[PDB]
Each structure stands twice: as structure tokens, then as C-alpha cells.
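Observations on chain architecture
Read off the chains here:
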Amino acid sequence: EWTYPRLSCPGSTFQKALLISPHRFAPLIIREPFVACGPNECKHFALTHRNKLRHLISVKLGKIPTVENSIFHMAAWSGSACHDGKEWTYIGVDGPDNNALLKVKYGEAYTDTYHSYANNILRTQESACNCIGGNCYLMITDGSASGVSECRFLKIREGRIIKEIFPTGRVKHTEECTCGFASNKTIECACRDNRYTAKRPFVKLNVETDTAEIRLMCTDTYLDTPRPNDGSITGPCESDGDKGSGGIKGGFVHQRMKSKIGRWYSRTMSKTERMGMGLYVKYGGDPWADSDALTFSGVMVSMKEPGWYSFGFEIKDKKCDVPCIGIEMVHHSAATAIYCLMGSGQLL
Amino acid sequence: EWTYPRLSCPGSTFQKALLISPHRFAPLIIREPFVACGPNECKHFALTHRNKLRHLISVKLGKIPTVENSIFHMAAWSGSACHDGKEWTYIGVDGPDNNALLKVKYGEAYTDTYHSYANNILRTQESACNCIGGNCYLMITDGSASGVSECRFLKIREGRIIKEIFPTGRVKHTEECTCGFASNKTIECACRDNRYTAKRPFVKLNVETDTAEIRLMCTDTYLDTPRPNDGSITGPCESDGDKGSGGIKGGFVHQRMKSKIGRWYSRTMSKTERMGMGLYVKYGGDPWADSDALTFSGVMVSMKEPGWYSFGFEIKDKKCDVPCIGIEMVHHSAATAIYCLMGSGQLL
Amino acid sequence: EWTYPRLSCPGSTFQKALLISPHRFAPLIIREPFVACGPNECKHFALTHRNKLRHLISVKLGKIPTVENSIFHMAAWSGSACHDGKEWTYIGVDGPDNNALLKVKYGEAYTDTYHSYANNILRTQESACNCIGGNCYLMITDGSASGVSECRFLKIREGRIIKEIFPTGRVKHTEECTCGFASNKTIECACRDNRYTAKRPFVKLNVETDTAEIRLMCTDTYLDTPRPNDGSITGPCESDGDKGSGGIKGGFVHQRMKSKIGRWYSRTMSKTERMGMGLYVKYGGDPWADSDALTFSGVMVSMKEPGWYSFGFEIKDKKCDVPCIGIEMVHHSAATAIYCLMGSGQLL
Amino acid sequence: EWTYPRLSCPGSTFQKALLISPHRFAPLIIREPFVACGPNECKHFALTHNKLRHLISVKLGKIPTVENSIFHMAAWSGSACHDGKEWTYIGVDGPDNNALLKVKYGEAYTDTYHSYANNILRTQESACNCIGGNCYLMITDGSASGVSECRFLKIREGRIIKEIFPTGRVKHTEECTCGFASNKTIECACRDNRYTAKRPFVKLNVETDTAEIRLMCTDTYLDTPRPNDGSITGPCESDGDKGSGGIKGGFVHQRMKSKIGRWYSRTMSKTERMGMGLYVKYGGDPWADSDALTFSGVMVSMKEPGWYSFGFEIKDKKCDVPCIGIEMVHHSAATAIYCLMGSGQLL
Amino acid sequence: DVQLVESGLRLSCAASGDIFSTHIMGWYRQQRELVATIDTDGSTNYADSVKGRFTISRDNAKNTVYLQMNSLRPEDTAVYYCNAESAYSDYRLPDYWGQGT
Ligand SMILES: *[C@@H]1O[C@H](CO)[C@@H](O)[C@H](O)[C@H]1NC(C)=O
Ligand SMILES: *[C@@H]1O[C@H](CO)[C@@H](O)[C@H](O)[C@H]1NC(C)=O
Ligand SMILES: *[C@@H]1O[C@H](CO)[C@@H](O)[C@H](O)[C@H]1NC(C)=O
Ligand SMILES: *[C@@H]1O[C@H](CO)[C@@H](O)[C@H](O)[C@H]1NC(C)=O
């Protein structure tokens, strides 16, 4: 009765499904919202008002986070939550800036903590977690924004840390990134480079061997923001290029078929500022070797509305799974717009 | 453990049972309310505030739909929901007016969409759905309000569209049809004509053969609003008559006995404006061939209150079913007055 | 798994247990509050605002009846509710004054109605009901307050009325009767007289023979309000005496032991007005034949608070039952002070 | 399916875990908050606001709103824990010199106990410890400035069974905080208002139903106000100077396979209630050892007030976590809850 | 590191590194009041008293922005500071103060 990957439900294109807008209707102040779905329910996690008021809350998806509906979990500024198969797991970090401390909340009782190593800032995905076979996988980093912030993978089971994974290769900057089960054997991520490169460092995780390799994506569509013009960086794939300063988390979600894997992406429509979302797709191939452009597949949010932090996640169906992608919008309380894969034809 | 038709519980005449009036008491703005009853509970559905703002909600019947109690299900403007036997199913339509699309919410995961064909307006019953043997039957139409709006049936199982039904006969305008299980082999409906006829087009569905036929209700009682004087339309029974412009949704519910079927109708007391409700009954006979007048059987709402769209539904008892009929009253938030069949005697 | 009487838990004297005061902390306006306890929970029933708006509500006992915490049930002005063994049963009366109507809510689907006979005023206990072996017994009267208001006993099973009982003897006025299970063989009641007598007419009900007999209490402690001086009525037990105008419902509860039955009563401390509550007890004996004085056993409410409508009930324990008596306090929203038999010693 | 003691989950040092601060956001007025955790849920009990005070309970993690709180009883002294299948409650009410204790078991009220010294009646104002269907509590009766003898009660299935009379120096004992030291012994940590500036130590033997009260021989005088540490000469039972006044103290166990540790807390300030800080000791006999406590962190800095503290345990699936909490006031109460997790140093 | 230098009639606010595409530039004169700001998308904001008199032009190629005066007034005599505040808290770089002219 655990959690295992399966095949995705049939479909061709994303369609709008829902939105939660507490600004319209005692709403809280929430930021960095992320959603993980268990076998029976989904919770809309968030962070309320770094300071000592930063708490991790959760309301059932579909419900606006009121004061009486929101259950507090922990005092942290960087959250993560998923379902190992039987009950909920949570991760959060707080403390002093230079000496931060990670926390685990499993079932109802607090279990374990982990300390910092590079002694600058310790932080996690700020999104959901991916757990397979009772071994739940997370990513944490420690270092500087303008320096080196090397990342580590965590292997937690029943609320207890088991193993740490050290990536190999170009590992000089990685932070703030969603992940998804590409397959049973290989698990991917899509991350953010703040200073060096205006691209997304692509991480490959193997659950069987517990090894990580980080390579930059060779495609022409530079998904990060701010970005230069597409296809303006010459040379090999690992060339950082110009205007690599700055970054933002980007959506990323899989599409599991019988004998083929498709990949959805997203980015900002604007080149420099964060005004509006758009969705761009690629079918199959090697991310580390293919420089072909992503196929445009719709306008996600119009340019008159702000497209901030986005996430990627899955909702569990009876016999399959649905890949759904969501976006946060700000105004400083946040709304969410949640889009799922559904039907066929063309996106409106 | 599915949903099947059964016999109706004994009784003679309708009696007042409940009313939900948020206007007396943070209540939302609700319009087009309907209720579908599961094996153990009933929810008072609604549509909160035809643009993108409109959402579908649901609170348990008996509860005033507050902000805390309301569960947001989808973003649509035309709702439908029922229980196939195990868990809830919902339908709603959103998009551009000329190129809208249908949506399905099954369990917690989104499944499928259906597009437009006449490319003018897409809409559904704005009422409940009838599901037998896991094969749930719905109605959508596409076309012009003042022109031709051809209608179709749906056959959805486990949340997936399976089969489509094309009705035969006079189909030139048909929408907003309230339907009930007349029998195991036949499902009927009661529709509304906007432009042509001041009557209700009668639909018959056959679950075994998936064939639909649309004919006009042949009686002298003109159930629609606005209407002419009763019995003023001469000639053959398919004669349209005068003052066929305008229309309103009408309540309609069956009464299943061992060897006899009766029908309960409702209509506005006023000839022109939507003010006041009644109840008009007929026992047996063929609606397509009988021109006999409806038997008056009570006054539902006095002439001091407005009667907007009504609906018909069934509440599930342990061993039988109770045919109840409900009315919506407005002032621009709506109430809901719910009448059930109980006892004998005469309606007060 | 039904509701059967058992022996009462050991205990000597009542002690204060709880109070619900919505006035201190949007709380509703409630009057005639009563409570019935099922196998696992107790619901604090009440009636909100003989107009055409009054509804029957229910909150879990211990909770302040807010607008969100209260589920509506029905639209009546006289409520009664108890547990037949598996689910809840409700009774209420509505309609016009002269042509009133009673109606039942069972499970979630409304079942049955019964009409008036004396065609003046229809009403019920305005308190809880007693159900044994799936046959729930209620008491309903019809007539005039200043004239003759004969009472009937109603035997409802699974939401359907089975049999009616016509009492024998002096039945010229009987209303607002509070009842409890004296034993399996006999159910008793305690009533109120408005115009004739300043005493409480005692009713004995037999479940096996379905026969009712109504006589007056022969004891010297006149339990009604207003009342004359104690022992001022000469002659036999049935002498109505003077100052029989007016009346109020009085608390009454049994106490089931292995080989002995004790009775708790209550009455207003004042002789004329509704102000002050006390408790007066008698051990065994025949109420229809004994003129012995009641044994004073404490003060329920001090001299500075008003004591309105009172009731008696039982809370279900795992292995026995606890006889509790409550009192409603007004100011025009009502509170509820609940006292239970608890330990030994003397009442504070 | 009942409650039994087990071994504590591994961990070296406490870390901050949660806080509930209703003052920041219709919150009630709560005082003396305590938490007892059942097999599946933790309840944050409290006393709302002279013949009106009620015992409430909200699920731990939530904030006590008017809608979210269920009232239980009308008392001014709280106690609740889980006997194994359902909840148990204790409260005390009545006239001050003639008070009454009452029990709420499951959903139906069961039993009462009267006063004996007929001056003041009160209980722990904290949780209860229940083993094998026999739940054990404390009643004290008498004067604050005189003699207030204490008793231990045995309640099973909501009914009072047996009473325990302690032996020894019993002339003042109240507001005792307790925990399962072992299967055969329950300890407590108490407060002396008038006589001694230390904490009287109670040992309860569940097998024989005997109690003994002795004083703490260590130099760390945990009470507030306190004199300078190690300023009391002679034996362990010498009360010394400035025995007037007192406060409740945190106390929680740490059960290992073959060793028992003890966690204490006390005020950082020597005189007034301002700031908490953990102090620990590993093993030894409290009644005979006079060695100093091991300083092991700072809970609350001197800029925030440290009022009543409690000690409790959250039930994990395979073990238990010893967590300690503190009440902070402003007169609405905010609760900060620390648990034992990981290793290293307390921040 | 990265610093801002002012040499300005023509103004030049030269910067090192790659802060020209992520930080919002401003001009402050010397109380401390707004003069001119530009963004990284081309949008130009100016203070109310200086409508229609300031022209701002950037150079993404070599990391220096320009400012030009027309119809200079005696009231404009002040020391002008070019700064590089970050509009986003999610960006962990601070504002850098130039020496000014
Ligand atoms: C992965 O393993 C699970 C075992 O539970 C199996 O059901 C599934 O088909 C496998 N493959 C994928 C792509 O999930
Ligand atoms: C219809 O079919 C169901 C099968 O479940 C049967 O129980 C029922 O008696 C049939 N007839 C009616 C009128 O429902
Ligand atoms: C009445 O019948 C029930 C049926 O089990 C029995 O338990 C009870 O002892 C009987 N007597 C009384 C006084 O309830
Ligand atoms: C106490 O007894 C229980 C029996 O249920 C046992 O499991 C436990 O190991 C014993 N010891 C402790 C320290 O709890």
C-alpha cells in the first residue's frame, strides 16, 4: 500500500482546471505555495508571515487558506511535503542565517534534524518531494548566491535520514528545483542557476545506484529569467554565455507513456522581468545532447498578469496519474492557478 | 453497491420540508442551485460569482453556504453533478463564448473535455444528472438562443465519455431539460423552448438502444412562461401557436409505483412574468397524444414571492426513494425552498 | 444494537456538570432547548427564529450554537428528537394555527405526516422522545389552552406511524409532558395543567398493552407554577383546588436500580413567578396514592437568576446510564445549565 | 491496545519545534496550557475566562478560536490524558473552602471527591500518567502559607479506586510535574511555596502504592525565586533562606535500554520569572547526589517572560519523544514547544 | 566585485560585472528625492517635477547608461548618484552606491 510510479492517463494538451484566489475574499499571507497529492487527498501547502513568524501551513486543495481552516506544522522558511504511502512527511529549515537547521515532521512526532556544511545558508527545494519505494528523495544546498552553492540529495525513510548523495560533474551552482519520476530507474530534476548560467542544470538521479550527475541543457530555449535571445550562445552545451546573472524556478512535469517519455516545460514570456507564463514542450530525445528548439504549445498566462514561482506535481487517479502544472501569482499575498492534462485538441 | 432505480415510497401529496435563505444572515452570491443525493448525503450545489470569475461550489444540504463551508470544485458557468454509485461526478463548461469546452471532475482527478460543434454557445442542464449502471446520461446543446440549438445526449462512465446520441424529430430548439427516471427502460426529460413554442419539448431516452426522440408535450396546459391562455392553440398537436418567444426552466419529477406512473409538473402562476409557483398533476396516459388538462393539486408559492428556475430530484431512502421538488427564489443572491412528498390529504 | 433501558450508574446526589451560554460570546436566538443522547454523542437541539420562519437546529453538546456549527433540520415550532437505535429521528409541527401539520425527518429523507383532530392547535412534548425496541413513543395534543386539550400517544417505527393510543380517565387537559423509562414494563410521564389544577397530571404508559391512564399527583408538594401553599387542597387527590391558572414545564427523571425506583422532581422556588430552581426527591411509593411530602434535596439555581423551561434526560455510558436534569435560563436568547448525578455527599 | 511505557526515540539535544501564539491573530483568553498526546492526536488543553472558567481543548497545531474549541467542564484546574482507548479529564470547582473535584470519562460524568483540609483544593494543573488502565494523579488540600498535604489517586475506567498517603517530609507539596521514570516507578517534580527554595522529589511505586517525598540534594535550586547556587549548608533537607515563593518547573524523562537521564528547566533570572534555560543530569540518585547540574542550552532569552512550564510525551509508532514546553504571557498565553531531535548543540 | 562610477552635459554610469540586466538603476540628487529611474525592459519612470526634460539611454553591450540635460536650470545644481538597487528580494545581491558627480 506504498507509493509507486505508474503510467499517465491519456491526453494531448493541458486545460485550465482551477484557481485559488484568497485576495478576492480572514485570508492569510502566503508565499511559495506547493501541492503534493496522496492516495486520497491533496493539501495546498504554503508559508505564512527570515522572521520567527514563518510557519508551514496546509489546507485541502480547493479551499482558501483561512485562519480556522489552516493547521500549522512547524516554524520554517523553506518547506517540502509528500506521501511515502501511508502518512504524510514534511521538511523545513529555520534558525540563524549562517547556522541553519533542517527539520523532519513524520506522522505526528518530530524525528530528526540535519545541520549545515558550507555554513552560509541551508535551504531545500521550496516545492514538493518525490518518494519511491519508501525512500523519499530531497535536495538541499549550502553556499552563496554569488559564489558556489553545491547541492546534496537526501534519502529519508520513515522520517529518518539514511544516505547522502554527492553529484558529479559541473556542480558549482544548484538550488530551488522541482523534480519528477521520469521512470522507475531514472529520476530527473530541473534546476536554477543564479549567477553563472542563464540555463537550467539538469540532474539525473538513479534510485538503484544512488548517483547524481548535473549537466546543463543544450536546447536553444533558455528557460531561465533573465535570458538572452534564444540560440545566441555559441560553442558547446556547457558554455555559460552572457547575462547569466539572476534566475527563477521553472515548472517541469513528465508525461509517462508505454514506450515514450514526453517533457513539458515553462518559462516567462518576457525576456527580463516576470510578466506572464508560457508553456513549451519537447518529445523524447537526450536533454544533454539535443539543441533543437522546444515546440511551442500554448499561452499559459497573459502578459497583463504576473507569473511568479511555478511548480510541477501529480494527482493520483484510480488506475493512472495526471500531470498537472501550477503557477503562483502575486500582487503581497499569493494566488494559485492549476492546470492539468485533459482531453485532446488545442489549448485555449 | 451502485445506483439503480427503485420504487417510490408511498404518499399522496407534497408537503413543505425545508428552506435555505442566506439573505436572512459571509454568505456568497449563489445562482442556479441544484441538489443531487448520494446514498448517504445530499449537497446544495450552486454557482458563485458568465466570465472567468464564476466557480462551482457545494455545501451539504441543510447548511448555509458560507465562505468557510464552501468547497470550490471547478471554474465554470453551467453545472451538473450526480452520484454513479461509488463517488461523485461533476460537469461544467468554460472558455470563450463561441469556442467553449465541457469539463469533468471525477473523484479528485480531472479526466476529459468536449468541444463545440455549432461554435456559438455551449451549455448543459444547469441541473442534476441521471446515472444508471455506471453509465451516466447528460445533455449539452450548441447553437443560437434565437435560432437553432440542436441538443445531444452523453454517456459517461468512470469519468470518460463513451457514446454520443443524436435525437430524431423536431429538434430545432431544445435546452435546459430537467430529466428523471420514468422507468428502468426509459428516461424522460422536460425541456424549454426560447423562440418557437410556448410548450415544453418532451424527450424520451432508451438506455438499451441509445435512441432519442423529441416531441412536444401535447396537453392543453402550457407549462412554459410566457404562455397564452390555456387551450388557445388549435390544429394538430405539433402546432407552435403564438407567443412562443421567451422561456423558463420548469420542475419535473416522476412517481414510480408497481404498475403505474404519474407525473408532477410545476409552472408559474403569472401568464407573463416569473412570479409565483403552483403544482399540476396527471396520472398515467401518453404525453405525446393526450390533450387533457392537468389536474390542479395545490399552490406552491403565494403571489407575493418570485419563482425563478425550479428543479426536480430524488432523495435516497434505505428501501425506497422520495420524489421531492424544489424551487429557487431570488430578490441578487438566491434562496432554495424544498418540498417533498409525505403522507396524504391535501397540500396546504 | 438498538436502544434498550439499563440500570443506572451508582450515585447519590446531583452535581453541576456544564453550562452553555452563547450570549457571552454570531450565536443564534434559540428557545425550548432539549438534548437527546445517542450511543456515542449528544446533540443540543433547539429552535431558532409561531411564525413561518422558525427552524429546528442541532449542535453537538458542549459547543456554542454558531451559524456555522449549526445544521438546520426542518421548519417547525415544536421539536422532538431521539435515537431509535441506529440513526436519528425528529418530529416537528408547522402550518397554520388551526390546520397545523406534524412531520417527521428520518435519516435524511422525510417520511410521513399526520393531521389535526380537534382543529385548534397541534403540539408535542417540546422536549425529547423515548424509543424502546424500535417503537418510538411521543405525545401530541389538540384543543384549546383555556378549554379541553386531549392528548394522544404516537408509536412510530422506522419513520412510519404504526399505532395511536387514547388515554383513559381524566383527560380534559394534558400538554408539555416530560417522560422517562421507569422500567421495561411501564413508561411514565410528567405533565402540566394550564387552567384546571395547580398539580402535574401523571401518565402511565404500557408498551405491551398500549394503554394509557392519566391521574393527578396526590402528594402535598404542588409542583406547578403558580401554586398555592403546600397542603392547602383538601379532599381526595383529584381535587383541582384554587389558583389552577397558568403552568410551566417541570423537570422529571427516573433512577433505575436493581430492586428499587427513585424519582427526582423539580419546581420553581418562587410561588408565583418564574424565578429560582430547586430539586425535590421521593423514594419509591405510588404517586397516585401517596400524599407524603417531597424530600428537599438542594438548590439548583440561586434566588437571583430566572428559572424557565426545564427538561430531563439520560447520557449513554458504556455499561450503565446516568440520569441528568437540565435547566434553561433566559434574559431573549437562552442558555442551558446541565446537572448530572455524580458521586455522593450533598448538593452544593 | 492500552498505554504502556516504552523506550525513548534516539536524540541527544532538544530543538525548537513549534509555537502557538493566538495573540498575533476571535482568540480566547487561555491560561495554564498543557498537552497530553493520545495514540493518534495531541490536545492543547487550556482554561478560559470566578465560577465561569471552563476547560477547553483544541487539536495541537491549531489556534484556540471560539469555533475550534470544545468545552468540557467548569473548573479552574485542568488534567487530562489517555488511558488507552478514550480521553479522561479532571477538574475542581465549588466554594473555595468547600471545593469539589469531578471526572469526565468518555462522554458521561462519573465520580467526585471532596475536601479534607477544607481550605483550598487543587491538582497538578498539568497532565496525568496512566498505566494499565489505572490513571494516577495528585490532590493537595490546605493553606498556601501553612501545611498542604498531598495525595495520589487511583482511577480506573473513570472511577476512583485507591488513595495514597506519602511518607516523610510532606508539610508542603503542590503543582507537581510527573512522568514514567520506569515501569516500576513514577517520579514527580514539585514546588514548595513557603518552606524550601528547591523542588521536592516524589517517588511513586505503582506495584505497592507507596509514596515518599524528599528534597533535591543538588546545588541547582530550580525554584524561583532562588538564592545563590550552593549557598545551603548541611544535609539535603536543609531548607535554607528565602523559601518563600515558588513556581512550576519543567521536568521530563529519557528512557534508554540500561540508563536514565533527566532534563530540568528553570528561570535564567535569579529573582523574577524572566527567561528559561534547560539543565540536564545523567543518572545518579537525586536524593543523595549534590553535584552540579550540566548546563545544556538556553531556551528563552532574557527579553521574553518564562511562566509556567510543563513536561510531556508525544506518542510515536515505535518509540516516544520527550518534549518540553513553555507558556509565555503578555493576559493571553502563547505556548512554545520544544522536542528532542538529532544531535550537536542546542541553538 | 561590482561597483558603479559616475563621470557626468553627458552622464556616464559605468558598472562592472553583469548587474546591468537584473538590477533597477536610479538617479538621486542632493533632501534625498527621486530624479530618474530605468528598468531592464525599457520602461522609464521619472519624478513629477522633471517630466519631459530628462532623457535616459542604456548600453547593454558595454554596461554603461547615459543621461543628458536640456535647458539646464540653476535649481538643478546638485550631486547626482547612480545606484543599482535590486527590485526582487529573491535576488540575493545588495544595492551598490556610486561616488557620484
Ligand atoms: C514501476 O514499478 C511498479 C511496481 O509497483 C509497476 O507497477 C510499474 O509498471 C513500473 N513502471 C512504471 C513506468 O511505473
Ligand atoms: C430495475 O432494475 C433493478 C436492478 O437493480 C431492479 O432492482 C428494479 O426492481 C428494476 N425496476 C425498477 C422499477 O426499478
Ligand atoms: C430491559 O430489557 C433489556 C434488554 O436487554 C435488559 O438489558 C434490561 O436489564 C431490562 N430491564 C431494565 C430495567 O432496563
Ligand atoms: C514495561 O512493560 C511493557 C509491557 O507492555 C514493555 O513493553 C516495556 O518494555 C517495559 N519497560 C519499559 C521501560 O517500558
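To be clear, the structure that these remarks concern was listed above.
All of the points below concern the structure found in this document.

What counts and how
Residues numbered from 1 in each chain as written, not as in the entry; some residues may be left out. Chains lettered and ligands numbered in written order. Heavy atoms only, no water. Residues with missing side-chain atoms left out of burial classes, pairs and counts. Pairing = 2+ DSSP bridges. Helix = DSSP H or I, 4+ residues; strand = E, 2+ residues; numbered from the N terminus. Axes fitted to C-alpha atoms, helices over the stretch in contact; angles between N-to-C directions. Buried < 20%, exposed > 50% of the residue type's maximum accessible area, 1.4 Å probe, protein only. Core = buried A, V, L, I, M, F, W, Y, C linked by side-chain atoms within 4.5 Å. Contact = heavy atoms within 4.5 Å. Buried area = accessible area lost by both parts, 1.4 Å probe. Salt bridge = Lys/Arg side-chain N within 4 Å of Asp/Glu carboxyl O. Nonpolar A, V, L, I, M, F, W, Y, C, P; charged D, E, K, R; others polar. Near = heavy atom within 4 Å. Polar contact = N/O pair within 3.5 Å; in protein donor to acceptor, adjacent residues only side chain to side chain. Areas by Shrake-Rupley, 256 points an atom, 1.4 Å probe, with all protein chains shown as cover. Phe/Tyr/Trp six-rings, centres within 6.5 Å; stacked < 30°, edge-to-face > 60°. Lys NZ or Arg CZ within 6 Å of the ring centre and 35° of its normal.

This paragraph deals with the sheet that holds strand β23 (residues 295–299) of chain A. Residues and elements named next belong to chain A. Taken together, four strands build an open sheet; the order of strands is β20-β21-β22-β23 and the sheet is antiparallel. Strands at the two margins of the open sheet, each flanked by one partner only, are β20 (252–256) and β23. Between one strand axis and the next, the sheet turns through 25 degrees on average, direction left out of account. Here three bridges tie strand β22 (residues 277–283) to β23, and the two strands are oriented antiparallel to one another. Considered in β23, the bridge of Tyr280 is made with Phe296.

What follows covers the pairing of strand β19 (residues 212–216) of chain C. Residue and element names in this part refer to chain C. Side chains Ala212, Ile214 and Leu216 of β19 all project onto a buried face; the interleaved residues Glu213 and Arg215 project onto a face where none is buried. Two elements, strand β15 (residues 168–169) and β19, share two bridges in a ladder whose sense is parallel. Paired with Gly169 across the bridge in β19 is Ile214. Pairing of strand β18 (residues 201–206) with β19, which is carried by five bridges, proceeds in the antiparallel orientation. What sits directly across from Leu205, in β19, is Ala212. Counted between consecutive antiparallel strands, the loop separating β18 from β19 contains five residues, among which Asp210 sits at a positive phi close to 60 degrees.

Let us look at the nonpolar core. The nonpolar side chains of a soluble globular protein tend to be buried, and buried together. Of all hydrophobic cores here, the largest spans 50 residues; its most connected members are B:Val35, B:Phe313, B:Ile315, C:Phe45, C:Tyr110 and C:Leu138. Per-element accounting of this core gives the leading share, four residues, to strand β7 (residues 88–94) of chain C. Once residues lying within four places of it in the same chain are set aside, the contact partners of B:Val35 are B:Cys42, B:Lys43, B:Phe45, B:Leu61, B:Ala128, B:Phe311 and B:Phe313. Membership of the second largest hydrophobic core comes to 45 residues, among which are A:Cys9, A:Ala17, A:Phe311 and A:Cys324.

The next thing to look at is the interface of chain E and chain A. Taken residue by residue, the interface counts twelve residues in chain E and 20 residues in chain A. Buried area between chain E and chain A, both sides added, is near 1,300 Å², and the carbon and sulfur share of it is 49%. Seen at the junction of chain E and chain A, the total is three salt bridges. Among the ionic pairs, A:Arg31 bridges to E:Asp90, the shortest N-O distance being 3.9 Å. In terms of residue class, the side of chain E that touches chain A is made up of four nonpolar, three polar and five charged.

Here we come to the pattern of salt bridges. Counted by the stated rule, this structure contains 87 salt bridges over all chains. For B:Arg256, the salt bridge identified is with B:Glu314, shortest N-O distance 2.6 Å. Of this pair, B:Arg256 sits in strand β19 (residues 252–256) while B:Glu314 sits in strand β23 (residues 310–316), and the two are 58 residues apart along the sequence. The same class applies to B:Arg256 as to B:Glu314, namely buried. Between D:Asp320 and D:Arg255 there is a salt bridge, with its nearest N and O atoms 3.2 Å apart. One end of the pair, D:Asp320, is in strand β24 (residues 320–328); the other, D:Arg255, is in strand β19 (residues 251–255), with 65 residues separating them in the sequence. Across the pair, exposure class does not vary: D:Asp320 and D:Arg255 are buried alike. Within the structure, one salt-bridge network assembled from shared partners comprises A:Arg31, A:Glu32, A:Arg274, A:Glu328 and E:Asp90.

Okay, the site of ligand 3 next. Residue and element names in this part refer to chain C. Around ligand 3 sit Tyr4, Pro5, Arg6 and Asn184, and that is every residue in its neighbourhood. Between ligand 3 and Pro5, the relevant distance is 2.9 Å, taken from an oxygen atom to a main-chain nitrogen or oxygen of the residue. With respect to ligand 3, the side chain of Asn184 contributes an N or O atom lying 2.4 Å from an oxygen atom. Notes on ligand 3: free accessible area 350 Å², of which the protein chains cover 53%. Considered class by class, the residues forming the shell around ligand 3 number two nonpolar, one polar and one charged.

Another point: the packing of aromatic side chains. Applying the stated criterion across every chain, the model contains 36 aromatic pairs over all chains. A ring pair is formed by A:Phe252 and A:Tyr265, whose centres lie 5.4 Å apart and whose planes are at 45 degrees; its orientation type is tilted. Of the two residues, A:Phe252 is situated in strand β20 and A:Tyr265 in strand β21 (residues 261–268); the sequence distance between them amounts to 13 residues. On the basis of relative accessible area, A:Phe252 is assigned to the buried category, the value being 2%. Measuring from centroid to centroid gives 5.7 Å for C:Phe311 and C:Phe313, while their planes differ by 40 degrees, and the two rings are tilted. Overall, C:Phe313 belongs to the buried group, its relative accessible area being 5%. Put simply, the rings of C:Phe34, C:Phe45, C:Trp88 and C:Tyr90 touch in pairs and so form one group of aromatic residues. Just above the ring of C:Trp288 sits the side chain of C:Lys204; from NZ or CZ to the centre is 3.5 Å.

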